[PDB]
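Shown next: target_1.cif, containing mmCIF, C-alpha atoms and all ligand atoms; chains and numbers go by the auth columns.
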```cif
data_run
#
loop_
_atom_site.group_PDB
_atom_site.id
_atom_site.type_symbol
_atom_site.label_atom_id
_atom_site.label_comp_id
_atom_site.label_asym_id
_atom_site.label_seq_id
_atom_site.Cartn_x
_atom_site.Cartn_y
_atom_site.Cartn_z
_atom_site.B_iso_or_equiv
_atom_site.auth_seq_id
_atom_site.auth_asym_id
ATOM 1 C CA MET A 1 0.000 0.000 0.000 0.00 1 A
ATOM 2 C CA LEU A 2 1.268 3.455 -0.928 0.00 2 A
ATOM 3 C CA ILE A 3 0.235 6.372 1.302 0.00 3 A
ATOM 4 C CA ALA A 4 1.098 10.085 1.036 0.00 4 A
ATOM 5 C CA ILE A 5 0.878 12.395 3.988 0.00 5 A
ATOM 6 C CA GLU A 6 0.037 15.906 2.871 0.00 6 A
ATOM 7 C CA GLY A 7 -0.537 19.327 4.363 0.00 7 A
ATOM 8 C CA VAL A 8 0.954 22.821 4.723 0.00 8 A
ATOM 9 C CA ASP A 9 4.397 23.588 6.109 0.00 9 A
ATOM 10 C CA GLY A 10 4.373 23.340 9.897 0.00 10 A
ATOM 11 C CA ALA A 11 1.219 21.267 9.909 0.00 11 A
ATOM 12 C CA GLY A 12 3.253 18.492 11.636 0.00 12 A
ATOM 13 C CA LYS A 13 3.313 15.843 8.906 0.00 13 A
ATOM 14 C CA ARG A 14 6.463 14.235 10.166 0.00 14 A
ATOM 15 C CA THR A 15 4.908 13.520 13.551 0.00 15 A
ATOM 16 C CA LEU A 16 1.882 11.945 11.737 0.00 16 A
ATOM 17 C CA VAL A 17 4.222 9.829 9.627 0.00 17 A
ATOM 18 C CA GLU A 18 5.962 8.515 12.758 0.00 18 A
ATOM 19 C CA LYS A 19 2.690 7.953 14.600 0.00 19 A
ATOM 20 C CA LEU A 20 1.286 6.100 11.621 0.00 20 A
ATOM 21 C CA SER A 21 4.449 4.089 11.155 0.00 21 A
ATOM 22 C CA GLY A 22 4.252 2.820 14.753 0.00 22 A
ATOM 23 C CA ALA A 23 0.534 2.013 14.417 0.00 23 A
ATOM 24 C CA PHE A 24 1.132 -0.029 11.285 0.00 24 A
ATOM 25 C CA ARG A 25 4.030 -1.908 12.823 0.00 25 A
ATOM 26 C CA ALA A 26 1.922 -2.509 15.963 0.00 26 A
ATOM 27 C CA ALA A 27 -0.625 -4.083 13.614 0.00 27 A
ATOM 28 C CA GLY A 28 2.147 -6.395 12.323 0.00 28 A
ATOM 29 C CA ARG A 29 2.925 -4.492 9.090 0.00 29 A
ATOM 30 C CA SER A 30 6.336 -3.537 7.733 0.00 30 A
ATOM 31 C CA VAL A 31 6.729 0.155 6.863 0.00 31 A
ATOM 32 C CA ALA A 32 9.167 2.286 4.888 0.00 32 A
ATOM 33 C CA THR A 33 9.186 6.050 4.464 0.00 33 A
ATOM 34 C CA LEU A 34 10.526 8.781 2.253 0.00 34 A
ATOM 35 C CA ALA A 35 10.218 12.564 2.499 0.00 35 A
ATOM 36 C CA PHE A 36 9.931 15.015 -0.358 0.00 36 A
ATOM 37 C CA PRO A 37 11.459 17.253 -1.552 0.00 37 A
ATOM 38 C CA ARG A 38 14.798 15.422 -1.317 0.00 38 A
ATOM 39 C CA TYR A 39 16.979 18.325 -0.333 0.00 39 A
ATOM 40 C CA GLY A 40 20.711 17.379 -0.250 0.00 40 A
ATOM 41 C CA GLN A 41 20.122 14.488 -2.705 0.00 41 A
ATOM 42 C CA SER A 42 18.179 15.833 -5.669 0.00 42 A
ATOM 43 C CA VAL A 43 19.885 18.699 -7.450 0.00 43 A
ATOM 44 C CA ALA A 44 16.414 19.677 -8.798 0.00 44 A
ATOM 45 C CA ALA A 45 14.976 19.986 -5.283 0.00 45 A
ATOM 46 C CA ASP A 46 18.050 21.922 -4.153 0.00 46 A
ATOM 47 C CA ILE A 47 17.842 24.483 -7.004 0.00 47 A
ATOM 48 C CA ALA A 48 14.121 24.895 -6.221 0.00 48 A
ATOM 49 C CA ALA A 49 14.743 25.664 -2.513 0.00 49 A
ATOM 50 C CA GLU A 50 17.642 27.878 -3.481 0.00 50 A
ATOM 51 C CA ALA A 51 15.394 29.720 -5.934 0.00 51 A
ATOM 52 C CA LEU A 52 12.855 30.553 -3.189 0.00 52 A
ATOM 53 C CA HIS A 53 15.728 32.251 -1.353 0.00 53 A
ATOM 54 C CA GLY A 54 16.323 34.644 -4.226 0.00 54 A
ATOM 55 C CA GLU A 55 19.001 32.644 -6.073 0.00 55 A
ATOM 56 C CA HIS A 56 18.939 31.658 -9.754 0.00 56 A
ATOM 57 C CA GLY A 57 17.695 34.914 -11.224 0.00 57 A
ATOM 58 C CA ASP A 58 13.974 34.935 -12.105 0.00 58 A
ATOM 59 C CA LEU A 59 13.311 31.159 -11.560 0.00 59 A
ATOM 60 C CA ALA A 60 10.921 31.553 -8.550 0.00 60 A
ATOM 61 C CA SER A 61 8.701 33.819 -10.651 0.00 61 A
ATOM 62 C CA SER A 62 7.376 30.868 -12.660 0.00 62 A
ATOM 63 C CA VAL A 63 5.033 28.573 -10.796 0.00 63 A
ATOM 64 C CA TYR A 64 5.308 25.932 -13.495 0.00 64 A
ATOM 65 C CA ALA A 65 9.112 26.145 -13.356 0.00 65 A
ATOM 66 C CA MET A 66 9.099 25.430 -9.611 0.00 66 A
ATOM 67 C CA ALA A 67 6.441 22.773 -10.111 0.00 67 A
ATOM 68 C CA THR A 68 8.588 21.123 -12.806 0.00 68 A
ATOM 69 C CA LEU A 69 11.693 21.047 -10.560 0.00 69 A
ATOM 70 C CA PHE A 70 9.724 19.358 -7.807 0.00 70 A
ATOM 71 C CA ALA A 71 8.332 16.847 -10.306 0.00 71 A
ATOM 72 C CA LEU A 72 11.834 15.977 -11.592 0.00 72 A
ATOM 73 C CA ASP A 73 12.869 15.361 -8.021 0.00 73 A
ATOM 74 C CA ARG A 74 10.040 12.831 -7.456 0.00 74 A
ATOM 75 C CA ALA A 75 10.682 11.233 -10.867 0.00 75 A
ATOM 76 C CA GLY A 76 14.297 10.545 -9.959 0.00 76 A
ATOM 77 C CA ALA A 77 12.878 8.572 -6.986 0.00 77 A
ATOM 78 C CA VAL A 78 10.276 6.604 -8.985 0.00 78 A
ATOM 79 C CA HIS A 79 12.335 3.379 -8.904 0.00 79 A
ATOM 80 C CA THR A 80 13.031 3.692 -5.177 0.00 80 A
ATOM 81 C CA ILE A 81 9.276 4.184 -4.538 0.00 81 A
ATOM 82 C CA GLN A 82 8.306 1.115 -6.604 0.00 82 A
ATOM 83 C CA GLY A 83 11.106 -0.814 -4.898 0.00 83 A
ATOM 84 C CA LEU A 84 9.830 0.070 -1.414 0.00 84 A
ATOM 85 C CA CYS A 85 6.283 -0.894 -2.465 0.00 85 A
ATOM 86 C CA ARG A 86 7.539 -4.389 -3.298 0.00 86 A
ATOM 87 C CA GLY A 87 9.739 -4.622 -0.190 0.00 87 A
ATOM 88 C CA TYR A 88 7.272 -3.471 2.481 0.00 88 A
ATOM 89 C CA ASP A 89 3.596 -3.785 3.286 0.00 89 A
ATOM 90 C CA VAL A 90 3.047 -0.046 3.673 0.00 90 A
ATOM 91 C CA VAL A 91 5.037 2.761 2.116 0.00 91 A
ATOM 92 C CA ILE A 92 4.406 6.251 3.578 0.00 92 A
ATOM 93 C CA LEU A 93 5.504 9.383 1.776 0.00 93 A
ATOM 94 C CA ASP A 94 5.899 12.665 3.611 0.00 94 A
ATOM 95 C CA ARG A 95 4.664 14.903 0.740 0.00 95 A
ATOM 96 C CA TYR A 96 4.004 13.527 -2.680 0.00 96 A
ATOM 97 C CA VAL A 97 2.446 14.627 -5.972 0.00 97 A
ATOM 98 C CA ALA A 98 -0.503 16.397 -4.381 0.00 98 A
ATOM 99 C CA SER A 99 1.880 18.966 -2.864 0.00 99 A
ATOM 100 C CA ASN A 100 2.686 20.159 -6.387 0.00 100 A
ATOM 101 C CA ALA A 101 -1.034 20.512 -7.265 0.00 101 A
ATOM 102 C CA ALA A 102 -1.857 22.371 -4.059 0.00 102 A
ATOM 103 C CA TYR A 103 1.049 24.906 -4.013 0.00 103 A
ATOM 104 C CA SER A 104 0.771 25.538 -7.760 0.00 104 A
ATOM 105 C CA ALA A 105 -3.028 26.076 -7.853 0.00 105 A
ATOM 106 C CA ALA A 106 -2.807 28.175 -4.672 0.00 106 A
ATOM 107 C CA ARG A 107 -0.125 30.326 -6.251 0.00 107 A
ATOM 108 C CA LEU A 108 -1.999 30.800 -9.499 0.00 108 A
ATOM 109 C CA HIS A 109 -5.284 31.489 -7.624 0.00 109 A
ATOM 110 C CA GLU A 110 -6.819 28.435 -9.249 0.00 110 A
ATOM 111 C CA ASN A 111 -9.053 25.730 -7.875 0.00 111 A
ATOM 112 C CA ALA A 112 -8.569 21.902 -7.754 0.00 112 A
ATOM 113 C CA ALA A 113 -10.528 21.449 -11.018 0.00 113 A
ATOM 114 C CA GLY A 114 -8.256 24.052 -12.731 0.00 114 A
ATOM 115 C CA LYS A 115 -5.367 23.847 -15.169 0.00 115 A
ATOM 116 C CA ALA A 116 -2.327 23.547 -12.869 0.00 116 A
ATOM 117 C CA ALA A 117 -3.797 20.655 -10.839 0.00 117 A
ATOM 118 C CA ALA A 118 -4.576 18.772 -14.059 0.00 118 A
ATOM 119 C CA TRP A 119 -1.103 19.575 -15.513 0.00 119 A
ATOM 120 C CA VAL A 120 0.589 18.115 -12.417 0.00 120 A
ATOM 121 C CA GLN A 121 -1.370 14.877 -12.907 0.00 121 A
ATOM 122 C CA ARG A 122 -0.437 14.667 -16.579 0.00 122 A
ATOM 123 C CA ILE A 123 3.213 15.348 -15.904 0.00 123 A
ATOM 124 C CA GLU A 124 3.836 13.382 -12.762 0.00 124 A
ATOM 125 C CA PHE A 125 1.480 10.371 -12.996 0.00 125 A
ATOM 126 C CA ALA A 126 1.023 9.881 -16.783 0.00 126 A
ATOM 127 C CA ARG A 127 4.227 11.167 -18.385 0.00 127 A
ATOM 128 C CA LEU A 128 6.831 10.631 -15.665 0.00 128 A
ATOM 129 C CA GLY A 129 5.153 7.397 -14.469 0.00 129 A
ATOM 130 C CA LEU A 130 4.909 8.145 -10.739 0.00 130 A
ATOM 131 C CA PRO A 131 2.589 5.587 -9.212 0.00 131 A
ATOM 132 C CA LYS A 132 -0.666 6.923 -7.850 0.00 132 A
ATOM 133 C CA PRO A 133 -1.028 6.701 -4.107 0.00 133 A
ATOM 134 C CA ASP A 134 -3.688 4.326 -2.672 0.00 134 A
ATOM 135 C CA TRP A 135 -4.416 6.976 -0.010 0.00 135 A
ATOM 136 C CA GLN A 136 -3.635 10.637 0.450 0.00 136 A
ATOM 137 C CA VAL A 137 -3.954 11.842 4.003 0.00 137 A
ATOM 138 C CA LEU A 138 -4.427 15.545 4.487 0.00 138 A
ATOM 139 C CA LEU A 139 -3.272 16.749 7.883 0.00 139 A
ATOM 140 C CA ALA A 140 -5.417 19.896 8.211 0.00 140 A
ATOM 141 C CA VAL A 141 -4.566 22.156 11.132 0.00 141 A
ATOM 142 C CA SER A 142 -5.600 25.566 12.455 0.00 142 A
ATOM 143 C CA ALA A 143 -2.131 27.105 12.911 0.00 143 A
ATOM 144 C CA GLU A 144 0.971 25.807 11.167 0.00 144 A
ATOM 145 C CA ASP A 145 4.276 33.529 3.390 0.00 168 A
ATOM 146 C CA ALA A 146 1.003 33.317 5.372 0.00 169 A
ATOM 147 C CA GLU A 147 -1.310 34.367 2.502 0.00 170 A
ATOM 148 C CA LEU A 148 -0.297 31.432 0.343 0.00 171 A
ATOM 149 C CA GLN A 149 -0.055 28.830 3.175 0.00 172 A
ATOM 150 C CA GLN A 150 -3.706 29.481 4.166 0.00 173 A
ATOM 151 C CA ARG A 151 -4.872 29.275 0.565 0.00 174 A
ATOM 152 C CA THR A 152 -2.757 26.165 -0.072 0.00 175 A
ATOM 153 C CA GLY A 153 -4.469 24.552 2.965 0.00 176 A
ATOM 154 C CA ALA A 154 -7.875 25.333 1.379 0.00 177 A
ATOM 155 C CA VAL A 155 -6.842 24.002 -2.068 0.00 178 A
ATOM 156 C CA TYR A 156 -5.594 20.817 -0.366 0.00 179 A
ATOM 157 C CA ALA A 157 -9.014 20.334 1.233 0.00 180 A
ATOM 158 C CA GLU A 158 -10.477 20.766 -2.176 0.00 181 A
ATOM 159 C CA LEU A 159 -8.197 18.065 -3.617 0.00 182 A
ATOM 160 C CA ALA A 160 -9.398 15.762 -0.845 0.00 183 A
ATOM 161 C CA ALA A 161 -13.046 16.667 -1.579 0.00 184 A
ATOM 162 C CA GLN A 162 -12.740 15.957 -5.301 0.00 185 A
ATOM 163 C CA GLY A 163 -10.759 12.701 -4.828 0.00 186 A
ATOM 164 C CA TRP A 164 -7.877 14.136 -6.845 0.00 187 A
ATOM 165 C CA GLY A 165 -5.550 11.253 -7.883 0.00 188 A
ATOM 166 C CA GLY A 166 -7.320 8.786 -5.607 0.00 189 A
ATOM 167 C CA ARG A 167 -8.980 8.441 -2.223 0.00 190 A
ATOM 168 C CA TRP A 168 -8.233 10.779 0.614 0.00 191 A
ATOM 169 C CA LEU A 169 -8.831 11.197 4.229 0.00 192 A
ATOM 170 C CA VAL A 170 -8.641 14.487 6.099 0.00 193 A
ATOM 171 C CA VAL A 171 -7.394 14.388 9.654 0.00 194 A
ATOM 172 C CA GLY A 172 -6.606 16.810 12.480 0.00 195 A
ATOM 173 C CA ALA A 173 -3.625 17.177 14.818 0.00 196 A
ATOM 174 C CA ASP A 174 -5.098 14.855 17.481 0.00 197 A
ATOM 175 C CA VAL A 175 -6.081 11.996 15.203 0.00 198 A
ATOM 176 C CA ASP A 176 -5.772 8.578 16.789 0.00 199 A
ATOM 177 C CA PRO A 177 -3.094 6.780 14.766 0.00 200 A
ATOM 178 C CA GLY A 178 -4.282 3.242 15.576 0.00 201 A
ATOM 179 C CA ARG A 179 -7.755 4.086 14.316 0.00 202 A
ATOM 180 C CA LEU A 180 -6.257 5.784 11.252 0.00 203 A
ATOM 181 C CA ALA A 181 -4.063 2.746 10.460 0.00 204 A
ATOM 182 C CA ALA A 182 -7.117 0.415 10.684 0.00 205 A
ATOM 183 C CA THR A 183 -9.059 2.726 8.300 0.00 206 A
ATOM 184 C CA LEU A 184 -6.137 2.772 5.814 0.00 207 A
ATOM 185 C CA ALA A 185 -5.395 -0.996 6.028 0.00 208 A
ATOM 186 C CA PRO A 186 -6.695 -3.190 3.188 0.00 209 A
HETATM 187 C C1 LIG B . 8.677 21.593 -0.947 0.00 1 B
HETATM 188 S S1 LIG B . 6.920 21.560 -0.753 0.00 1 B
HETATM 189 O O1 LIG B . 6.552 22.908 -0.222 0.00 1 B
HETATM 190 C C2 LIG B . 6.464 21.517 -2.465 0.00 1 B
HETATM 191 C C3 LIG B . 6.166 22.752 -3.088 0.00 1 B
HETATM 192 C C4 LIG B . 5.808 22.776 -4.407 0.00 1 B
HETATM 193 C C5 LIG B . 5.555 24.011 -5.191 0.00 1 B
HETATM 194 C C6 LIG B . 4.863 23.979 -6.407 0.00 1 B
HETATM 195 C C7 LIG B . 4.679 25.147 -7.153 0.00 1 B
HETATM 196 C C8 LIG B . 5.194 26.353 -6.718 0.00 1 B
HETATM 197 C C9 LIG B . 5.877 26.384 -5.522 0.00 1 B
HETATM 198 O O2 LIG B . 6.415 27.587 -5.074 0.00 1 B
HETATM 199 C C10 LIG B . 5.870 28.224 -4.090 0.00 1 B
HETATM 200 F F1 LIG B . 5.699 27.509 -3.006 0.00 1 B
HETATM 201 F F2 LIG B . 6.630 29.273 -3.814 0.00 1 B
HETATM 202 F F3 LIG B . 4.651 28.637 -4.331 0.00 1 B
HETATM 203 C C11 LIG B . 6.071 25.225 -4.759 0.00 1 B
HETATM 204 N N1 LIG B . 5.769 21.558 -5.091 0.00 1 B
HETATM 205 C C12 LIG B . 6.062 20.316 -4.538 0.00 1 B
HETATM 206 O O3 LIG B . 6.002 19.299 -5.208 0.00 1 B
HETATM 207 C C13 LIG B . 6.425 20.343 -3.153 0.00 1 B
HETATM 208 C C14 LIG B . 6.749 19.093 -2.565 0.00 1 B
HETATM 209 N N2 LIG B . 7.047 18.101 -2.089 0.00 1 B
#
```

Can I see the file as structure tokens?
Amino acid sequence: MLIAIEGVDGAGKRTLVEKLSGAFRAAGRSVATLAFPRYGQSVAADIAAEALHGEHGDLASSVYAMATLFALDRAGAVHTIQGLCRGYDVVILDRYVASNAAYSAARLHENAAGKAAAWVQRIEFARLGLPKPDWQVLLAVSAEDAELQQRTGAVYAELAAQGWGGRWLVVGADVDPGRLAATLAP
């Protein structure tokens, strides 16, 4: 089973990942995890971060340019992902494709049924061959550029509402991880 944990920066996705990992292993399931973007590994990720800190001329000004860099990062990992899906019962990704749809649409003031969200699907899942997650779990919290983080949170909820790329669940900060693991388990 492939699971992506999503949400805005500061939402506390890592803690969820760890909580879920323990709940799955308590239920007798092997678990592997990966975090995106892969800063310090993917040159594409690293240029993208660097660009948001004012490096690389006008790169940050294009949403699609940033989106593309983050896609190329995930694509470089596509074989690792598929490998972990064969090697372990449950594979949990801290951020995945939906992050690109949410930050891009937010940025462009578009909704989940808009162009950017559909572009991300075409590029990442169809063209680049990233496998679609079985579940996407939106960690949606009150308090994690504030304008964009709030709007990205909203777009994310919209992705979950439309079933973008697959089934979702939306959860809060105090979700019970054992209950969540039983819900997600085949
Ligand atoms: C690194 S996480 O915040 C992220 C952001 C964007 C993203 C997409 C478009 C524009 C963008 O720039 C900015 F955030 F400034 F809006 C970021 N795309 C991703 O795939 C991931 C991941 N993982």

Selection dump of the PyMOL selection byres (((chain A and resi 5) around 8) and not hetatm), as an mmCIF file with C-alpha atoms, in the coordinates of the input:
```
data_model
loop_
_atom_site.group_PDB
_atom_site.id
_atom_site.type_symbol
_atom_site.label_atom_id
_atom_site.label_comp_id
_atom_site.auth_asym_id
_atom_site.auth_seq_id
_atom_site.Cartn_x
_atom_site.Cartn_y
_atom_site.Cartn_z
ATOM 1 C CA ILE A 3 0.235 6.372 1.302
ATOM 2 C CA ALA A 4 1.098 10.085 1.036
ATOM 3 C CA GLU A 6 0.037 15.906 2.871
ATOM 4 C CA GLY A 7 -0.537 19.327 4.363
ATOM 5 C CA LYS A 13 3.313 15.843 8.906
ATOM 6 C CA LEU A 16 1.882 11.945 11.737
ATOM 7 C CA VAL A 17 4.222 9.829 9.627
ATOM 8 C CA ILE A 92 4.406 6.251 3.578
ATOM 9 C CA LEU A 93 5.504 9.383 1.776
ATOM 10 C CA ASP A 94 5.899 12.665 3.611
ATOM 11 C CA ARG A 95 4.664 14.903 0.740
ATOM 12 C CA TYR A 96 4.004 13.527 -2.680
ATOM 13 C CA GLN A 136 -3.635 10.637 0.450
ATOM 14 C CA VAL A 137 -3.954 11.842 4.003
ATOM 15 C CA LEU A 138 -4.427 15.545 4.487
ATOM 16 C CA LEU A 139 -3.272 16.749 7.883
#
```

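Comparing A:103, A:132, A:68, A:191 by their smallest distance to residue 168 (chain A), the closest is A:103 (using only C-alpha atoms).
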
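Residues of protein or nucleic acid lying within 7 Å of ligand LIG 1 (chain B), counting all atoms listed in the file, are residues 9, 36, 37, 52, 60, 63, 64, 66, 67, 70, 71, 95, 96, 97, 99, 100, 101, 103, 104 and 107 of chain A.
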
File of the preceding selection, C-alpha atoms, as a compact mmCIF listing (two decimals), in the coordinates of the input:
```txt
# COMPACT_ATOMS: atom_id res chain seq x y z
CA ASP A 9 4.40 23.59 6.11
CA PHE A 36 9.93 15.02 -0.36
CA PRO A 37 11.46 17.25 -1.55
CA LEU A 52 12.86 30.55 -3.19
CA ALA A 60 10.92 31.55 -8.55
CA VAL A 63 5.03 28.57 -10.80
CA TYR A 64 5.31 25.93 -13.50
CA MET A 66 9.10 25.43 -9.61
CA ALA A 67 6.44 22.77 -10.11
CA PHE A 70 9.72 19.36 -7.81
CA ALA A 71 8.33 16.85 -10.31
CA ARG A 95 4.66 14.90 0.74
CA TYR A 96 4.00 13.53 -2.68
CA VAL A 97 2.45 14.63 -5.97
CA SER A 99 1.88 18.97 -2.86
CA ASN A 100 2.69 20.16 -6.39
CA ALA A 101 -1.03 20.51 -7.26
CA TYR A 103 1.05 24.91 -4.01
CA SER A 104 0.77 25.54 -7.76
CA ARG A 107 -0.12 30.33 -6.25
```

Mind telling me what the PyMOL selection byres (((chain A and resi 209) around 12) and not hetatm) catches here, as JSON, numbers by chain?
{"A": [1, 2, 3, 24, 29, 89, 90, 134, 135, 204, 205, 206, 207, 208]}

Could you list, as a PyMOL selection string, every residue matched by the PyMOL selection byres (((chain A and resi 172) around 12) and not hetatm) in this structure?
chain A and resi 7-11+99+102-107+140-144+168-171+173-179

For CA of residue 202 (chain A) and CA of residue 183 (chain A), determine how far apart the two atoms are, in Å to one decimal place.
19.2 Å

The centre and edge lengths of an axis-aligned box containing all atoms of region 18-30 of chain A present in the file, extended by 8 Å on each side, are to be given in Å to one decimal, as AutoDock Vina command-line options.
```
--center_x 2.9 --center_y 1.1 --center_z 11.8 --size_x 23.0 --size_y 30.9 --size_z 24.2
```

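With CA of residue 130 (chain A) on one side and CA of residue 186 (chain A) on the other, the separation reads 17.4 Å.
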
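The nearest approach to residue 88 (chain A) among the residues A:180, A:23, A:47, A:32, with all atoms listed in the file taken into account, belongs to A:32.
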
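For the pair CA of residue 19 (chain A) and CA of residue 190 (chain A), the separation is 20.5 Å.
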